[PDB]
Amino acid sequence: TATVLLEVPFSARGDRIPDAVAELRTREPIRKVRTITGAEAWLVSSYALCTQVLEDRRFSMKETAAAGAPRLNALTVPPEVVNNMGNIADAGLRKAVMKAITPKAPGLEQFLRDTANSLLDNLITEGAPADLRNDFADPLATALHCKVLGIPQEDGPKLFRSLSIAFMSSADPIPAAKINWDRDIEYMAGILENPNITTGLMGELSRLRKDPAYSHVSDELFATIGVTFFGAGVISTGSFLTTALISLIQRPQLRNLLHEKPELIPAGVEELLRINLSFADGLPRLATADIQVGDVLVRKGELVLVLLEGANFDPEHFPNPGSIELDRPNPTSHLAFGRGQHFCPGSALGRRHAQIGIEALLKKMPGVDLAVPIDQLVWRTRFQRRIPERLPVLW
């Protein structure tokens, strides 16, 4: 009979990869698909072709925002913000931004440990079941990013509550996204004017804003950096830690190994990154030339989607890809943080947030287990991350 063009995304479930990804990678590692907008796109699912796309800048991030392009989903930010990191570099701020978002600031890791332990103590006081997303992973991400930005902890929750809309993956524009964006930009602009904000990313930007070497950088860009790095960081670390906790909980042996030998936690977190399904969609790129990718000549103006778990579960690159193995010879060679020009600038911070969160959880809750059958988790739909709405656990 007549069937329709394969639709993406395949599944919003973040606890398991569909058997179909490996079939696709074997048969057609670059394949035409239809996005939620009705646009056509090329879905790339092997490690070799994913790397190729990500390392060829003729597959452009910023051109995805062009009027009239085939879209994966609607913009939730102004179109110039799709080029955020390019704009930051053009302003001469890349080195300073990247320095402020490392985990190296004195006291930062101790703050993370302290926060995690306090969050966990409060759950233990309250009694099982506990929700490890809403009452551990996300608050820990939110607290971390207020500290990194230099802004009050008490301002965290409001900025955070924009994110269930900001990171939607929608066929159509979202009126609430503009409402929240304008509000959060105004908040950050106020932060730059606030004399009490002297530390973290916003303290440093606020100084640079008054330094004559940056007098022609726009105020809008300074506020944009705060909103976008808070939102990207919080959504990415909170969502990654949440689904890494599921993967750990599902593996009691690994849980007990990391609990007994916490010096292995970094290698375990690197494998959890490798197998992580937090990104709900392929990474989008627009071709700016005709480019051969595998068996397909991608044409100028076409949309390409780089499926991270396609690369990261590719057995040609990671043998026994579904197994967490702490002694792989190529352990950071995954694509969890992307690759190339747009490699995640928060990568070290994201690693440390997950390592510290996991270390603290295994110490406080060595008997942690799901308090519901895994199929009872509710997976968020039409979102840029795969997130269970609640993560009920007992210990």
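Start at 1 and count along the sequence shown; that's the residue number.
*Asks:* Mean CA temperature factor from the deposited coordinates, higher in 140-148 or in 302-310?
*Replies:* According to the entry, 140-148 carries the higher average C-alpha B-factor.
*Asks:* Looking at the entry, does 196-204 or 254-262 show the higher mean C-alpha B-factor?
*Replies:* It is 254-262.
*Asks:* Highest Cα B-factor in the deposition, which of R209, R274, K95, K178?
*Replies:* Each of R209, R274, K95, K178 was compared by C-alpha B-factor; the highest is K95.
*Asks:* Out of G233, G282, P79, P157, which shows the largest CA B-factor listed in the entry?
*Replies:* Top of the list by C-alpha B-factor: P157.
*Asks:* Is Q52 in the lowest, middle or highest third of its chain when residues are ranked by C-alpha B-factor?
*Replies:* Middle third - that is where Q52 ends up once the chain's C-alpha B-factors are sorted.
*Asks:* How does the C-alpha B factor of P331 compare with the rest of the chain: lowest, middle or highest third?
*Replies:* CA B-factor rank for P331: middle third.
*Asks:* What third of the chain does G367 rank in for C-alpha temperature factor, lowest, middle or highest?
*Replies:* According to the entry, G367 has a C-alpha B-factor in the chain's highest third.
*Asks:* Using the B-factors in the PDB entry, rank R58's C-alpha atom against the chain and give the third, lowest, middle or highest.
*Replies:* It falls in the middle third of the chain.
*Asks:* Looking at the temperature factor on the CA atom of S164, which third of the chain's modelled residues does it land in?
*Replies:* For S164, the deposited C-alpha B-factor lands in the lowest third.
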